[PDB]
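Before any comments, here is the structure.
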There are 2 protein chains.
Amino acid sequence: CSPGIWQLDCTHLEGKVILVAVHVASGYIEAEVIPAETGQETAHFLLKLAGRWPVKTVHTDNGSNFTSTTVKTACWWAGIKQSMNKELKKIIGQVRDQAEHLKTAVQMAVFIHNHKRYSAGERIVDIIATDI
Amino acid sequence: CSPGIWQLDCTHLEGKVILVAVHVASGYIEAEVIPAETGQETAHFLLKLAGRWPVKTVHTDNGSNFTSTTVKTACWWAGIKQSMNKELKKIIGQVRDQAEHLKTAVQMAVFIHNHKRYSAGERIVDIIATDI
Ligand SMILES: Cc1nc2c(cc(C)n2Cc2cnn(C)c2)c(-c2ccc(Cl)cc2)c1[C@H](OC(C)(C)C)C(=O)O
Ligand SMILES: Cc1nc2c(cc(C)n2Cc2cnn(C)c2)c(-c2ccc(Cl)cc2)c1[C@H](OC(C)(C)C)C(=O)O
């Protein structure tokens with residue numbers, strides 16, 4: 001797919017919210033644990049994603065996530081326009097005992113996912129570099 | 001420089017801690033606001049960085065940052081071994097009025113820095129892809 005398309009979804013585990021961003025063309029994931037599934041957390045996360053990768057268009061399985069003016073302001077400032085969460089949840093379960101906090105197990109699970117094989121981490125850099 | 005070298009430093013502003021990671025070869029920055037300059041925040045940040053980029057060796061201007069066993073465990077698990085903060089502080093000042101929270105202004109400042117021109121964001125992907 002196009003190199004600037006990202007998928008953004010909020011999932012739940014242990015009573016906390018896990019925001020999962022997926023680079024559609026590569027399978028590359030960035031994920032964070034947020035306290036609440038609010039528009040302010042989504043806006044701030046989008047600003048972070050956009051500063052690290054060339055984010056052009058964002059998709060979601062729950063359109064209502066993108067309705068807050070807060071989110072829309074983040075998309076506006078960064079120039080952003082408008083399946084996988086089980087694989088990551090699978091990895092999280094496997095490594096969960098290796099960490100006290102869920103946020104730590106998530107980052108461990110993002111590490112494993114992006115580096116297993118090319119790997120998602122290798123694909124995204126190639127796709128983005130090729131487009132450059 | 002080598003494509004796996006990162007610089008990690010904790011800086012202060014408005015009574016909060018800003019952790020700044022710099023990809024030495026490219027000038028690419030990832031930065032986060034943390035509540036306290038603790039070893040647990042450093043360990044968790046290193047796990048995040050390592051899952052997104054091929055981090056091989058990490059440097060710092062304050063060696064004592066890397067002494068906690070917590071940090072060393074993060075480096076161990078991820079396979080990690082062992083100037084710019086004023087430019088980012090300059091950008092933060094410029095955009096500070098555009099946001100209520102410092103954490104928002106930081107991400108805005110990371111966005112500006114990584115995308116201004118090649119740009120740091122374009123260089124890092126090329127360096128990492130070339131090494132692949
Ligand atoms: C809460 C915690 N405390 C820790 C570690 C390691 C150590 C020595 N301590 C202190 C300790 C625990 N027991 N004793 C007898 C001493 C870790 C950890 C660091 C790196 C990885 Cl790869 C996995 C876990 C985490 C981890 O949280 C962080 C990443 C710090 C936010 C977690 O969520 O478990
Ligand atoms: C605290 C806040 N509230 C906001 C926005 C936008 C809006 C409509 N609201 C609600 C509002 C403010 N006033 N009124 C009359 C309504 C933002 C913002 C979003 C994107 C960008 Cl690029 C810059 C700021 C931030 C921002 O914080 C976040 C990113 C949400 C954690 C900040 O730190 O300022």
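Convention: sequence-line order gives letters A, B, ...; per-chain numbering from 1. Both ligands and their constituent atoms are indexed starting at 1 by order of listing.
Looking only at side-chain heavy atoms (C-beta outward), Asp61(A) and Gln7(A) come within less than 4.5 Å of each other. Under the 4.5 Å side-chain criterion, counting only non-hydrogen atoms from C-beta, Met108(B) is in contact with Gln98(B). Inter-residue side-chain proximity for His44(A) and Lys103(B) is flagged as met; some heavy-atom pair is nearer than 4.5 Å. The side-chain heavy atoms of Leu47(B) and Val110(A), taken from C-beta on, include no pair separated by under 4.5 Å.
Summary of contacts: the protein heavy atom closest to atom 18 (C) of ligand 1 is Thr73(B) CG2, 4.5 Å. The protein atom (non-hydrogen) at minimum distance from atom 3 (N) of ligand 2 is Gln40(A) NE2, 4.2 Å. Considering only non-hydrogen protein atoms, atom 22 (Cl) of ligand 1 sits nearest to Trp77(B) CB, 3.3 Å. When hydrogens are left out, the protein atom nearest atom 25 (C) of ligand 2 is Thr70(A) CG2, 4.8 Å; that is the closest non-hydrogen contact. In this structure, atom 29 (C) of ligand 2 lies nearest to the protein heavy atom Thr104(B) OG1, 3.5 Å. Protein heavy atom closest to atom 34 (O) of ligand 1, with residue, atom name and distance, is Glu100(A) N, 2.7 Å.
Atom CZ of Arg96(B) and atom OG1 of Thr104(B) lie 8.0 Å apart (nearest 0.5 Å). The CG atom of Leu8(B) sits 10.5 Å away from atom CD of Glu30(B), with the distance rounded to the nearest 0.5 Å.
Residues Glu122(B) and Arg117(B) are not paired through a salt bridge, judged by the lack of any N-O separation under 4.0 Å between the basic side chain and the carboxylate.
At a distance under 4.0 Å, a protein heavy atom can be found next to atom 9 (N) of ligand 2. There is a protein heavy atom closer than 4.0 angstrom to atom 27 (O) of ligand 2. Within a 4.0 Å radius of atom 16 (C) of ligand 2, the protein has no heavy atom. For atom 32 (C) of ligand 1, a protein heavy-atom neighbour is present inside the 4.0 Å cut-off.
Considering backbone and side-chain atoms together, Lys103(A) places no N or O closer than 3.5 Å to any N or O of ligand 1.
Taking every non-hydrogen atom of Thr69(A) and a distance limit under 4.0 Å, the qualifying atoms of ligand 2 come out as 8 (C). Residue-ligand proximity, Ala99(A) to ligand 1, at heavy-atom distances under 4.0 Å covers atoms 33 (O), 34 (O).
Defined by atom type and a distance below 3.5 Å, a donor-acceptor pair is missing between the side-chain atoms of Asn62(A) and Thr60(A).
Looking only at distances, a side-chain donor or acceptor of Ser68(A) sits under 3.5 Å from a matching main-chain atom of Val71(A).
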